[PDB]
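Readers should treat all values here as calculations from the given coordinates under stated rules, not as data from a laboratory. With ideal geometry, Cβ positions are generated from the backbone for all residues, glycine too; neighbour counts draw on all protein chains shown.
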Amino acid sequence: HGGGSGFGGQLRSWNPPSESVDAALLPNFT
Amino acid sequence: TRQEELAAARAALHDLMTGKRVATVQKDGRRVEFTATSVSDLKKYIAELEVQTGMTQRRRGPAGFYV
Amino acid sequence: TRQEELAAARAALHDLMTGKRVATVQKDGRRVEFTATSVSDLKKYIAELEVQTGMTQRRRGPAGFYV
Amino acid sequence: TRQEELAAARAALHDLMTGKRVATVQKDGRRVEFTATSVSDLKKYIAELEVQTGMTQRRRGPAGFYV
Amino acid sequence: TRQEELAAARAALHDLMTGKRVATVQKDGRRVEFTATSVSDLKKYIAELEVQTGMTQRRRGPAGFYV
Amino acid sequence: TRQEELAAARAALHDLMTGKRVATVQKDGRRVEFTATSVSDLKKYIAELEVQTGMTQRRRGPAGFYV
Amino acid sequence: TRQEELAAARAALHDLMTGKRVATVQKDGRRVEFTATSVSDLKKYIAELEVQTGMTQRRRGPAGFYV
Amino acid sequence: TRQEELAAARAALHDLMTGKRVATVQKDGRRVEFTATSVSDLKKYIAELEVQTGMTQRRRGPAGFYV
Amino acid sequence: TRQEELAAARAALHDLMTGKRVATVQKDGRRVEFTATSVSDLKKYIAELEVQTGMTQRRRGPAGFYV
Amino acid sequence: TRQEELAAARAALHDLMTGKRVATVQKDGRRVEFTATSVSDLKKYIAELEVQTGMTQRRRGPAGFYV
């Protein structure tokens, strides 16, 4: 429930792209 | 008659703003004057007339926030 | 006489706002003038006489809140 | 002899609000100027006279509170 | 002589409030004018002269409380 | 009518700024005057009208801060 | 065409500030008055018009600091 | 041509604040009056005009301290 | 010209203080008036020009303290 | 030319103080008036010139204390 949208929209536009740890690190590793 | 009243108010405000409200006229034997209203009062009156009449949306509600 | 009193007062208010609240009338030999009134007091007088009159809804009771 | 005073005062207030409380009168040699009153004191006089006269219920006191 | 000038002052107050306290009068070189007063002082003068004369009670002495 | 009205208003502002807002004009026997507005009200009217009309903007977002 | 208006405005500033803005001219039976603006708003207009026109640089961006 | 108008302005200031700022000039049927200005505004105008024009040194960068 | 400026300012201040700064002069259809400057402003002007000129010491620099 | 300046200033001060400083004079086609100066600044000016000239001692150097 809490992860749906937030209180009154709130975090209605924050959606992290669920991805692998390597896919999160390597693109901007350096 | 609200629409033509609004049009008259708009024209009067434009005349006031530019140059064209006569405070008095005199014809060497006949002369008449008129009280001058405040520009802010005219703006408030015309704005409330716009809101009350069947004119379309001018002002929305309070703006909410989102993160 | 509430209805016609209201109508005359509102028309006079509109005329004062626009161009024709005549302060004085002068013909050669005969000069008279009427007293000048404010605008906010006239507006509130209009509102109170309206709410006294059996006209339509014009006001509401405070405001409600709910989550 | 207060109800006619109330009627006269109400009519005077109405005409003063609209257009018709004359300040000066001039006829090519004869002139009369009348003292200028305000609106606040006039409506205070109206209220005091109407509450003192045989006018009906118009005012109520405090307020109750309950759940 | 109390009630006579009481009534005179009350009538003058009613006149001033309504419309026709003569500020000045002139006719072909015959000009006079009378000094003006304030409604507040006139009303308080009315009240104090009423208290001085034998008019009935209008004001009372505080008000006690009781549960 | 908005574009030429705005152009006329800007011209009137310039004329008042320099020398040309005619306060009154009189010929033999005939005299009139035009009620004069201030400068700040006229310029804010110009600004709001230029904004509301469809030509190029002069207002942007609030700001942006980056290290 | 901003340059000619700027030149006219600066000339008006000069002549008004020294001696040469006529508030009103009264030829016998032929008189006219022009509204007299202040120097504050006049130099405000000068500044805004000269900065909106593509003339030379007049002001720069804040000021740095260094030891 | 900054120097010419600066000299004219300063001479005008001297003359006006000594004795000779003609506010109005009258003939038989000819009336011409010019607008009047304060002294602080023209003084600061003269200062800014002098500093903006390539005249001699008149202002110095703050003032330091030392033991 | 600074010396005669000094003399003229001193004489003008003295005569204005005593009796002899004429505001307007009228000759049966030839009347002219002049703007009057503040006495404080005249004092500031005379002091400024005197210190600017080559006149000898009028004011020195601070004041020491010794036990 | 300082002692006679002092004497004239004192005489003018006395004349203004009592009744004598004539503001305006009107003859047939001769309207001539001089602007008045406040007694406070007149006294300051006369005191300043008196202490500036070679007059006797009036001011004293503070005041010490002793048990």
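The combined condition, being more than 10 Å from chain B (Cβ to nearest Cβ), free of Cβ contacts under 8 Å to residues at least 24 places away in the same chain and over 30 Å from B:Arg30 (Cβ atoms), is not fulfilled by F:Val25. Only a single criterion out of (1) assigned to a loop (DSSP other than H, G, I, E, B); (2) more than 10 Å from every other protein chain (Cβ to nearest Cβ) is not satisfied by H:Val51, namely (1).
When the residues of the stretch J:22-57 are filtered to those that are basic (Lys, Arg) and under 17 Å from I:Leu13 (Cα atoms), which remaining residue is nearest to the chain's Cα centre (by Cα)? Taking the candidates together, the pick is J:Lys43. Residue check: F:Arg21 meets all listed conditions (1) more than 16 Å from G:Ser38 (Cβ to Cβ); (2) in contact with a helix residue (DSSP H, G or I) (Cβ under 7 Å, 6 or more places away or on another chain) but one, namely (1). Which ones in the stretch E:35-67 are among the basic types (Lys, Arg) and surrounded by 10 or more Cβ atoms within 10 Å (Cβ to Cβ)? Those that are among the basic types (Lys, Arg) and surrounded by 10 or more Cβ atoms within 10 Å (Cβ to Cβ): E:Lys43, E:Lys44.
The residue that is surrounded by the most Cβ atoms within 10 Å (Cβ to Cβ), among those in the stretch C:4-22 that are assigned to a helix (DSSP H, G or I) and within 7 Å of another protein chain (Cβ to nearest Cβ), is C:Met17.
Within the stretch E:32-41, can one find any residue that is assigned to a helix (DSSP H, G or I) and either closer than 24 Å to D:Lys20 by Cβ or in contact with a helix residue (DSSP H, G or I) (Cβ under 8 Å, 6 or more places away or on another chain) (or both)? Yes - at least one qualifying residue is present in the stretch E:32-41.
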